[PDB]
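Enquirer: The structure is given below, and queries will be raised subsequently.
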Amino acid sequence: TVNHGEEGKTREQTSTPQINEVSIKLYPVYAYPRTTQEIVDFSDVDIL
Amino acid sequence: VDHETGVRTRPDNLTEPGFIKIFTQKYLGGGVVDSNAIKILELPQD
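In order, the protein sequences belong to chains A and B.
In terms of UniProt numbering, the first sequence opens at residue 146 and continues consecutively.
In terms of UniProt numbering, the second sequence opens at residue 338 and continues consecutively.
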């Protein structure tokens, strides 16, 4: 806040600015595809 | 309207010990000189 006051009028304590803290947590977006060894070995696509 | 000093900052670092009381003040003035040179329009509030 910014106060106005006057000539010869005492000055009140203005409220100090506030600070906010955003906690951006990290979280693992994992992929766990259980492919069989059958597909990898049999196919010529190299499915990995 | 501003003053020649403009904005003055007095970093009060003596009076309340353990406290920096920053005192920053600017002398500001504002008046409608020649009101014929400004026009207002109050649109419907809706």
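By construction, the Cβ of each residue, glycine as well, lies at the ideal position given by its N, Cα and C atoms.
Alpha carbon to alpha carbon, how far is residue 179(A) from residue 170(A)?
Expert: In a straight line, the C-alpha of residue 179(A) is about 28 Å away from that of residue 170(A).
Enquirer: What are the start and end residues of the beta strand (DSSP E) that includes residue 349(B)?
Expert: Looking at the DSSP string, the run of the beta strand (DSSP E) that includes residue 349(B) is 344-349.
Enquirer: Using the Cα positions of residue 175(A) and residue 193(A), report the straight-line distance between them to the nearest angstrom.
Expert: Rounded to the nearest angstrom, the two C-alpha atoms are 17 Å apart.
Enquirer: DSSP on residue 187(A), reduced to helix/strand/coil?
Expert: Residue 187(A) falls in the helix class under three-state DSSP.
Enquirer: Within the chosen definition, does the stretch 362-371 of chain B reach the stretch 342-350 of chain B through at least 3 CB pairs nearer than 8 Å?
Expert: Yes: at least three Cβ pairs fall under 8 Å.
Enquirer: Report the three-state DSSP secondary structure of residue 182(A) (helix, strand or coil).
Expert: In this structure, residue 182(A) counts as helix in the three-state DSSP scheme.
Enquirer: Rounded to whole angstroms, what's the CA-CA distance from residue 154(A) to residue 163(A)? Just pull it up for me.
Expert: Between residue 154(A) and residue 163(A), the C-alpha separation is close to 27 Å.
Enquirer: Apart from the five residues just before and just after residue 157(A), which ones in its own chain have a Cβ nearer than 7 Å to its Cβ?
Expert: Correct list, in chain order: 148.
Enquirer: With distances taken Cα to Cα, identify the nearest neighbour of residue 161(A) among 350(B), 373(B) and 357(B).
Expert: Of the listed residues, the one whose Cα sits closest to residue 161(A) is 357(B).
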